Amino acid sequence: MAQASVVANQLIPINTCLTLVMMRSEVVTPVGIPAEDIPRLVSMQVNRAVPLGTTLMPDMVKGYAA
């Protein structure tokens, strides 16, 4: 696998705006939101709590479409 996805660097609470300290990049499987989109994602909100180490998926972010 060599494509990185956005991974939660901390528990991200429900309905909370995404900041850069909340998002790391990691090569994980299954593939989630591409790491190059971390820019785009700042200030978007998640629709569910995202535990530490979870891969951010498109359906978890309100208003995301790639």
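As summarised from the PDB record, the model derives from X-ray crystallography at a stated resolution of 1.6 Å.

As recorded in the PDB entry, the protein goes by TYPE III ANTIFREEZE PROTEIN ISOFORM HPLC 12 and comes from Macrozoarces americanus. As stated in UniProt under Function, the record for the protein gives "Contributes to protect fish blood from freezing at subzero sea water temperatures. Lowers the blood freezing point. Binds to nascent ice crystals and prevents further growth." UniProt lists a comment for the protein under the heading Sequence similarities, and it reads "Belongs to the type-III AFP family."

Chemist: An account of the overall build of the protein is requested, with residue identities and associated values reported.
Modeler: Per the secondary structure count, the protein includes one helix and two strands. Starting at the N terminus and ending at the C terminus, the protein contains elements arranged as β-β-α. Taken against the 2.2 N^0.38 rule, which gives 11 Å for 66 residues, the C-alpha radius of gyration of the protein at 10 Å falls within 12% of a compact globule. Dimensions of the protein along its principal axes, counting C-alpha atoms only, are 30 × 25 × 20 Å. Nonlocal contacts in the protein, meaning residues at least 24 apart in sequence, comprise 58% of its contacts between residues at least 6 apart.

Chemist: Which residues make up the UniProt feature "domain: AFP-like" in the protein, and what are the values?
Modeler: As annotated by UniProt and renumbered to match this structure, "domain: AFP-like" occupies residues 5–64. The span residues 5–64 is 7% helix and 13% strand, and its two end C-alpha atoms sit 15 Å from each other.

Chemist: A description of the environment of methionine 44 should follow, citing residues and the corresponding values.
Modeler: Examined against the element boundaries, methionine 44 turns out to sit in the segment after helix 1 (38–41). On the accessibility criterion, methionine 44 (17% relative accessible area) is buried. Through-space distance from the C-alpha of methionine 44 to that of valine 61 is 6.8 Å; in sequence the pair is 17 residues apart. Those residues in contact with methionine 44 that lie beyond four places of it in its chain are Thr16, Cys17, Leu18, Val61, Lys62, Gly63 and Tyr64.

Chemist: Lay out the nonpolar core in plain terms, naming residues and giving numbers.
Modeler: Core analysis: the largest hydrophobic core is formed by 17 residues, its most contacted members being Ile12, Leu18, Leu41, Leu56 and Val61. Look past the residues within four positions of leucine 18 in its chain and what remains in contact with it is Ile12, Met23, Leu41, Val42, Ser43, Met44, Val46 and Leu56.

Scoring rules and cut-offs
- Residues numbered from 1 in each chain as written, not as in the entry; some residues may be left out.
- Heavy atoms only, no water.
- Residues with missing side-chain atoms left out of burial classes, pairs and counts.
- UniProt positions renumbered as here; feature names shortened; annotations may be inferred.
- Helix = DSSP H or I, 4+ residues; strand = E, 2+ residues; numbered from the N terminus.
- Rg over C-alpha atoms; globule rule 2.2 N^0.38 Å.
- Contact = heavy atoms within 4.5 Å.
- Buried < 20%, exposed > 50% of the residue type's maximum accessible area, 1.4 Å probe, protein only.
- Core = buried A, V, L, I, M, F, W, Y, C linked by side-chain atoms within 4.5 Å.

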